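Chemist: For reference, the structure I am asking about is given below.
Number of protein chains: 2
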Amino acid sequence: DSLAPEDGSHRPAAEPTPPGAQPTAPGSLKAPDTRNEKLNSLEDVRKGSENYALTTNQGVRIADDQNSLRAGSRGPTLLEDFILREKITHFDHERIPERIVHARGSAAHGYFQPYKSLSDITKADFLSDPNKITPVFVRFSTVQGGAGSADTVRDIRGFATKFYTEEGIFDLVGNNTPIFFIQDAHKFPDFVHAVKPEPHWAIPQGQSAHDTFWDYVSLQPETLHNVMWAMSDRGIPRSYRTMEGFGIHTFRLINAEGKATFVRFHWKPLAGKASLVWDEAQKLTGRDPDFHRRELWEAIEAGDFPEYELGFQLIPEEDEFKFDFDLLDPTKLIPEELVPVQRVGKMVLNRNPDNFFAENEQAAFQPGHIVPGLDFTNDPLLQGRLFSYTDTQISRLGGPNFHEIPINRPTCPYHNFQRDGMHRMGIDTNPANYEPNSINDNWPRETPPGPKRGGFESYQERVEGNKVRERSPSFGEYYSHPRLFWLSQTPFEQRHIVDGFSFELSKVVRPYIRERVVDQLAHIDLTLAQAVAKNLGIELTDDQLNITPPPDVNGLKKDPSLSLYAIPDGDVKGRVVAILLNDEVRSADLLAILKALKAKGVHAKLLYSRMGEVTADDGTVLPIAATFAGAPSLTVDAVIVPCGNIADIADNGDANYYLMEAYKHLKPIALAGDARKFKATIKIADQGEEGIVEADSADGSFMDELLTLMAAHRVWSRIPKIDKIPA
Amino acid sequence: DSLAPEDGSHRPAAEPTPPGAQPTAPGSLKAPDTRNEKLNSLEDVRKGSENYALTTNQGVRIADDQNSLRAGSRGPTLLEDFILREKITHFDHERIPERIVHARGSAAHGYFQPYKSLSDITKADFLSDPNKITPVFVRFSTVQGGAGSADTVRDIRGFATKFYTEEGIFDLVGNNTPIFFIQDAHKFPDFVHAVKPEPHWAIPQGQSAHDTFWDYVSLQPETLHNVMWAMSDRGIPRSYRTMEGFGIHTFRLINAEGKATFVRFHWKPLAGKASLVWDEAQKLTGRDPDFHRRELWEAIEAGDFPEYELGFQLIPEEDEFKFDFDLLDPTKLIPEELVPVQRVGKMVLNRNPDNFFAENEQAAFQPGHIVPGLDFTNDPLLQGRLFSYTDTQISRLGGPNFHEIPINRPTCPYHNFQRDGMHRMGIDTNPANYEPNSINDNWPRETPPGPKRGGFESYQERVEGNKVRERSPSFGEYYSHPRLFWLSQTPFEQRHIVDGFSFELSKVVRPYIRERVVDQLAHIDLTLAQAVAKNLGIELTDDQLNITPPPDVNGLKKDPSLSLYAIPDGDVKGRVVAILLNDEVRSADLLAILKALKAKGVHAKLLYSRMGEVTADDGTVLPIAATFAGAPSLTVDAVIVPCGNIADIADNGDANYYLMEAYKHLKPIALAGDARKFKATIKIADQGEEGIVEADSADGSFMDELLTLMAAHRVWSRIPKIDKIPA
Ligand code: HEM
Ligand code: HEM
């Protein structure tokens, strides 16, 4: 009929807008001018809608899409209704298997560019010229939960990048911690079954806090290093934009002269490192289970494009055996104090998908998708990964032609003698389907390895030894990396780690499992083990108290790059502030606040006890984004309460609780004029306290002080005072 | 090695135990003596584990399950490692598509028995004899969310029962509200797409609070009736045990003389009707997303078997057109004040599955699976559901032999000429695979219809009309049932409905959609429409204030059976109380508390600020179930605080917040002796208050007062006092 409002407010503007201002939309409608080579080549399968008639899949126009065909208007539905049958049949077959791990993830389009040619160390074409732009598709994810599970759970995060190079797709499939839990791929199903929901009753979702995980951990001390990262605030990032990414494994770079250099891949977040606190994270899984997916999408619609710097840890072939740990051991990190990360290039994510299922759900990444100029190593966890991804994609994506699903397609040429398979789109005209052949003059043809555009040839590593099912003895050390990680954390980080283990072990029903984990912690560090044991009402024995700590890692007693917060790297752009309105806001405060926020690229959400609008003291009509209950403090980075008629919200339960929740979760709070009445809610001294901005009006230094607090992310000095707060 | 602790504390006892006392376990280990015919037939495919060697799927014993085979202990993995490849391959192919709708669900085994022979109204064999037991498998579910989404979301709940009868499987596939949102199956994909996560970004999960849903509802007023149920507290049940179930459609009962009687199916919860409150429910999705799944499984492990009474609404064929609504319109309920529910039988769920995936995830139910003695009607929603479930099961469960998956197998005989298909288990020996045949003497053979054990023959309904895609005119009335439902609710239920709509519409980004829904509410009831409008800062126009309310439904101005609470039906057995311990618990309080809870079958959970144990005044060692933060008040039905050393917990933030949360969520709280000092936390009268139990000790009348409050579920009279509490 007539459905759209005549004012056109059903359609968001095709320009960058702040989170919550307009309805979000498919990338190609929201930002039609953001292009790259991959986004342009997807154009052939994009479908429009406006001005077209509604049809069946065979192109037959539909006259009545409200009713089934029946014998009389109160009669039985007829089998001849082919329109009903196609529509319900397509619906009936919508779902495909979710990924076995990392089923929950959010993705975006972008591009990569190197800072300079890396020709001296790799012949990889995407890294050979600073002007050569590589389109990318990135998917961020959790590990354990299903596709419908929550975003802000405590878990490891996946960070997978598909590089559409001129010499093939290269997938860099990494996580947000520099190590993995296990050493050999043969134990992957064991580890994953232990962390996933328990088999009898399929509980719990999105959580390692259960008996089978901690049972496996207590029996397999190789897991301890990644367990420490997961128990830290690393396991609950603030956003996919404020976390690090790592390839984990040592791989090789191969240059045109055939020299191999060992490399570990890193992604540095240009928005800085930032995490939530447990209580906030857990509650956020209920108030907004789509928080990371939403935040990513809206940051891109706002122009706060996630930006990451690609970095390399490089190690010469001759230094393979010079560390205290094996470089091929994926439970071991390479300390940046020993081997610095050399900056390589920048990746910018600047457009969302059009259809989540078609581009995100069907996207397929594989660590075995390498290009000439890169090569593998014998890391036994990576070695097993090379089998698994192609295998899993035959069932998940329905056959061996998953490279022909649009998002997965190479933008460079691909020709070979592979034919058929379910859902074959490519129609081959080659008279031959084999080589060598004479009937097509042997095309397509093999190509010798060489400096550029040559064929792939493996680096000729020497192999020597017997066929054995055996762990390398060099991998047999499990506590020095966990201890290095612990000692590099700030004191408040250490407390968060203690609390993570305490919370998680308190959900393990069999007490002996909690005792065995505590015994393993006692081999890492006694201060950690005692504080966890005390929260579990466990007392360490005299021999646990005398376990000798593991040695330092190559002499290091700490490495500050392992901490999220020890070295300041805060960036306020793309953060958000809740502004608690009243029914007669002092407009001078609001202008000061909103303009200061705008100058640093910080967003605001105007909150009230109802929707609609309120009128400021000078007649300005203020549109309300959400209620106090509808957009909790959990969703924002800070809270500002301007002056006005404070008696309007002074006794609102939700308004007060908003401040108590943001105060408990260490966020900066700013109170202007009579808004300082709320200081009694959060029991704050008369004289003031660090972390609380207060003044007669929201004017000169007020906003600079609030922005400085925001730059430091959270008010860690408040931790000892929040334990009293009933919130 | 390895082992299990020497004390055997890794294994749960095989007898009924209370929630949280022991680790949960597969049903055939937890309750080995619980049997039924279905449970016994599944024993052919059950696998043990104890005392068996670890093998490949081909039966080859494995010597080293910790390592891949490599050329040297630090070398590359070899392709000949068939043990590793089978192991990772099985793992890679674990997942199958989730259900298009109702993907999130929890199931259990049990049995059904009729109260008396229904042979006068139906020839259905499972209802023919009060001593004939029919094994059942029941799956309860949400609608919108994925299999990894949360349990206590606001949504409709599915309630599917598989009856393993002697004359075939009957599946009664119902929901927890007596109507559906739409009238014709042709709109199903339209409605489901609108409620599901939005296609560009796949948000939000498990929620109807978003623009597409409310856009659809505002344009399709036939949805309003189920929308009203969804926005009430019926959308957030306390448990699958405390909700109703309904077949929704009008079906038919066919007796041995060929008479048809119209029937609507009902399930009455013998644990009573009870729901959560929104804040509690939404927070619970984050604190425990598996709450309903967990509480069902634990109720069965505790002997609190979910029990339901099957009930029929019976309408003679001559009364088909005597209501003011069409009987075949699934957006219309049949008020119990006009056609009472006649008791039919009882269903008891007394055993959990062994393996969630094998039995719950692969279970397939179909409303098309009826048996002689039942038949369909021309309800156009039902009619299209007869096509869809078999269709969807061919891809979900991989082929046409889904009836051979163990959970789905009939326990009565099945023989026919169908052959082959993917994963065919049955091996047919019949020389013939067609009929009529002479080579097998025509077996298996057709069987004429008759009074018992006869072939199926459809009731010969008269059909007359033209081939039309047309909605019956009698279905074009959309507001009288929504209004009957509203007027039947108590004042607090009405407020909860107002708040549900207000919260949901507040998340609708496009304001004109909110305005359009408000306009539809004004056609239902003006008080409802204005209270929602006010929460959205919308003002009804003069025209909207003059819309005439729809007429009463056949003279009814209300029907108390439509309310959750107007008619008391409380049952405390299976409910749970939190007991907040201190380090010197007055043991006489605890004894009195525990004995009285035990006498009514109410469970307790001992909470403390840490795990481990505390010792009571009398030296009794009390093991701690969880901490205050680890098992929030959200998860219990009431809170008791016994006397002792109150100073230990008086300034504990979590302990104070525990009571504030419980108080806000209207739960009964009981305070003994010095625990009455917590009356200041919840700001309430020095003199006492209805809903708060208090005394010098936890003595005689203290526990009776607590248990009386619990039997009324929630303290509805405290609603006016909770909106000041900051919690
Ligand atoms: C350093 C260790 C590992 C890392 C960093 C890692 C990372 C990831 C990531 C980020 C994804 C999701 C990709 C996406 O968004 O689609 C993924 C998926 C997957 N991983 Fe790995 N993984 C590791 C180890 C393993 C191992 C040892 C195996 C098995 C041998 C494995 C098997 C899989 C499978 C089967 C999938 C699903 C792929 C699909 O369906 O396309 N992973 N992994
Ligand atoms: C009164 C209306 C309806 C009710 C009470 C209802 C109820 C249910 C329930 C309870 C389930 C889940 C069964 C389980 O636990 O496995 C289900 C699944 C399903 N429903 Fe319905 N439904 C209704 C309408 C429809 C309609 C109109 C269609 C399509 C025309 C439909 C298509 C499906 C499909 C495809 C599934 C998944 C089945 C499977 O994968 O095995 N439903 N429905």
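Chains as they are written, first to last, in the numbering used here: chain B, 42 to 768; chain S, 42 to 768.
Ideal Cβ positions, reconstructed from N, Cα and C, are used throughout, including at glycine.
1) Comparing the C-beta of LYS508(S) with each C-beta of chain C, is any distance below 9 Å?
2) Can you give, in chain order, each stretch of the alpha helix (DSSP H) that sits fully within the region 61-123 of chain S and has at least 4 residues?
3) Any heavy atom of ligand 2 closer than 8 Å to the Cβ of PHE428(S)?
4) Would you kindly report the start and end of the unbroken beta strand (DSSP E) that includes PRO155(B)?
5) List the residues that DSSP assigns as beta-bridge partners of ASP212(B).
6) If you drop the 5 nearest sequence neighbours on each side, which residues of the same chain put their C-beta closer than 7 Å to that of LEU369(S)?
7) Which chain B residues are close to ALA404(S), counting only those with a beta carbon under 9 Å from its beta carbon?
8) So, is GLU402(S) buried or exposed, given that buried needs 16 or more other C-beta atoms within 10 angstroms?
9) The region 347-371 of chain S: which residues have C-beta closer than 8 Å to a C-beta of chain B, in chain order?
10) I'd like the list of long-range same chain contacts for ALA691(B), defined as Cβ closer than 7 Å, with 5 residues on each side in sequence excluded.
11) Would you call the region 217-230 of chain B in contact with the region 256-275 of chain B, where contact means no fewer than 3 C-beta pairs closer than 8 Å?
12) Per the contact definition of three or more C-beta pairs closer than 8 Å, is the region 326-343 of chain S in contact with the region 539-553 of chain S?
13) Please state if the CB of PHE669(S) and the CB of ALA713(S) are separated by a distance shorter than 9 Å.
14) Against chain S, does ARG759(B) count as a neighbour if the rule is that its beta carbon must be under 9 Å from one of theirs?
15) Report the residues of the region 137-148 of chain B with a CB closer than 9 Å to any CB of chain S, ordered along the chain.
16) Can you give the Cα-Cα distance for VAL558(B) and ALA667(B), rounded to whole angstroms?
17) When burial is assigned at 16 or more other CB atoms within 10 Å of the CB, is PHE362(S) buried or exposed?
18) Chain S beta carbons: is any one of them nearer than 9 Å to that of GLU735(B)?
19) Measuring alpha carbon to alpha carbon, tell me which of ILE687(B), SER521(B), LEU415(B), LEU422(B) ends up nearest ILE210(B).
20) Taking contact to mean 3 or more Cβ pairs, one atom from each stretch, closer than 8 Å, check whether the region 624-635 of chain B and the region 555-571 of chain B are in contact.
21) Grab the span of the beta strand (DSSP E) containing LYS641(B) for me, first residue to last.
22) Under the criterion of a Cβ to heavy atom distance below 8 Å, does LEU110(B) qualify as lining ligand 2?
23) When every heavy atom of ligand 1 is checked, does at least one fall within less than 8 Å of the C-beta of residue 769(B)?
24) If we ignore side chains and look at the alpha-carbon of each, how far apart do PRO381(B) and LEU355(B) end up?
25) List the DSSP bridge partners of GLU285(B).
26) May I have a chain-ordered list of the alpha helix (DSSP H) segments no shorter than 4 residues that lie completely inside the region 316-376 of chain S?
27) Would the region 623-631 of chain S and the region 670-688 of chain S be scored as touching if the rule is three or more Cβ pairs under 8 Å?
28) Grouping DSSP H, G and I as helix and E and B as strand, with all else coil, what is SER547(S)?
29) My understanding is that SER604(S) touches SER529(S), with C-beta atoms under 8 Å, so please give their C-beta distance in whole angstroms.
30) According to DSSP, is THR722(S) helix, strand or coil?
31) Do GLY615(S) and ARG282(S) have their C-beta atoms within less than 9 Å of each other?
32) Look at the Cβ atom of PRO709(S), then the Cβ atom of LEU663(S), and state whether they are nearer than 9 Å.
33) What distance in whole Å lies between the Cβ atoms of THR193(S) and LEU325(S), which are believed to be in contact at a cut-off of 8 Å?
34) What does a CB cutoff of less than 7 Å around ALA226(S) pick up in its chain, not counting 5 residues either side in sequence?
35) Would you mind reading off the limits of the alpha helix (DSSP H) that contains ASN267(S)?
36) Are the Cβ atoms of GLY151(B) and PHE181(B) separated by less than 9 Å?
Modeler: Looking at the atomic coordinates:
1) Among the chains of the structure shown, chain C does not appear; the protein chains present are B and S.
2) Counting only runs of 4 or more, we get 68-71, 78-82.
3) One-based indexing of the second sequence puts residue 428(S) at position 387. Because some heavy atom of ligand 2 lies under 8 Å away, the Cβ of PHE428(S) counts as near it: yes.
4) The residue given as residue 155(B) occupies position 114 in the first sequence. Per DSSP, the continuous beta strand (DSSP E) segment holding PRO155(B) begins and ends at 146-155.
5) Start at 1 with the first residue of the first sequence, and residue 212(B) comes out as number 171. According to DSSP, which records beta bridges pairwise, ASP212(B) is partnered with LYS203(B).
6) Taking the first residue of the second sequence as position 1, residue 369(S) is located at position 328. Result list for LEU369(S): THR291, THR418, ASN419, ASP420, in chain order.
7) Translated into positions along the second sequence, residue 404(S) becomes position 363. Chain B residues near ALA404(S): none, gap ~13 Å exceeds 9 Å.
8) Along the second sequence, read from residue 1 onward, the residue named residue 402(S) stands at position 361. When all chains shown are included, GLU402(S) counts as buried.
9) Residues of the region 347-371 of chain S whose Cβ lies closer than 8 Å to any Cβ of chain B, in chain order: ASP367, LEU369.
10) Numbered from 1 along the first sequence, position 650 holds the residue referred to as residue 691(B). Answer for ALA691(B): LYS718, listed in chain order.
11) Yes, the region 217-230 of chain B touches the region 256-275 of chain B.
12) Segments in contact, no.
13) Counting from 1 along the second sequence, the entry for residue 713(S) is found at position 672. Counting from 1 along the second sequence, the entry for residue 669(S) is found at position 628. Against a cut-off of 9 Å, the Cβ pair of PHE669(S) and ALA713(S) comes out as no contact.
14) Along the first sequence, read from residue 1 onward, the residue named residue 759(B) stands at position 718. Chain S contact via Cβ: absent.
15) Flagged, chain order: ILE137, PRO138, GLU139, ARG140, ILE141, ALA144, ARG145, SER147.
16) By one-based count along the first sequence, residue 558(B) stands at place 517. By one-based count along the first sequence, residue 667(B) stands at place 626. Rounded to whole angstroms, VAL558(B) to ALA667(B) spans 44 Å at the Cα level.
17) Indexing the second sequence from 1 puts residue 362(S) at position 321. Here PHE362(S) is exposed. Its C-beta has fewer than 16 other C-beta atoms within 10 Å.
18) Here residue 735(B) corresponds to residue number 694 of the first sequence, with the count starting at 1. The C-beta of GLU735(B) comes no closer than 9 Å to any C-beta of chain S.
19) Locating residue 210(B) in the first sequence gives position 169, counting from the first residue. It is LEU415(B) whose Cα lies nearest to the Cα of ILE210(B).
20) Cβ pair count under 8 Å is below three, so no.
21) In the first sequence, counting from the first residue as 1, residue 641(B) sits at position 600. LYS641(B): not part of any beta strand (DSSP E); member of the alpha helix (DSSP H) spanning 628-641, first to last residue.
22) Taking the first residue of the first sequence as position 1, residue 110(B) is located at position 69. No.
23) In this structure chain B extends from 42 to 768, so residue 769(B) is not present and cannot be described.
24) For the purposes of this step, residue 381(B) is identified with residue 340 of the first sequence, where counting begins at 1. For the purposes of this step, residue 355(B) is identified with residue 314 of the first sequence, where counting begins at 1. Cα-Cα distance, rounded: 8 Å.
25) As a first step, residue 285(B) must be located in the first sequence, where it is residue number 244. In the DSSP output, where bridge partners are listed per residue, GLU285(B) has none listed.
26) Taken in chain order, the complete alpha helix (DSSP H) segments of 4 or more residues contained in the region 316-376 of chain S are 319-328, 332-343.
27) Taking 8 Å as the limit for Cβ pairs, the verdict is that the region 670-688 of chain S does touch the region 623-631 of chain S.
28) As a first step, residue 547(S) must be located in the second sequence, where it is residue number 506. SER547(S) falls in the helix class under three-state DSSP.
29) Working through the second sequence from its first residue, we reach residue 604(S) at position 563. Working through the second sequence from its first residue, we reach residue 529(S) at position 488. Indeed they touch by this definition, with Cβ atoms about 5 Å apart.
30) Here residue 722(S) corresponds to residue number 681 of the second sequence, with the count starting at 1. Coil.
31) For this step, residue 615(S) is matched to residue 574 along the second sequence. For this step, residue 282(S) is matched to residue 241 along the second sequence. For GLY615(S) and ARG282(S), yes; Cβs fall inside 9 Å.
32) In the second sequence, counting from the first residue as 1, residue 709(S) sits at position 668. In the second sequence, counting from the first residue as 1, residue 663(S) sits at position 622. No, Cβ-Cβ distance for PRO709(S) and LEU663(S) is not below 9 Å.
33) The sequence position of residue 325(S) within the second sequence is 284, counting from 1. The sequence position of residue 193(S) within the second sequence is 152, counting from 1. Correct: roughly 4 Å between the Cβ atoms.
34) Taking the second sequence and counting its residues from 1, one reaches residue 226(S) at position 185. Excluding residues within five positions, the ones whose Cβ falls inside 7 Å are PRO421, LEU422, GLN424, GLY425, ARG426.
35) Your numbering for residue 267(S) matches position 226 in the second sequence. Residues 265-272.
36) Within the first sequence, residue 151(B) is the residue found at index 110, counting from 1. Within the first sequence, residue 181(B) is the residue found at index 140, counting from 1. For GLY151(B) and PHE181(B), no; Cβs fall outside 9 Å.
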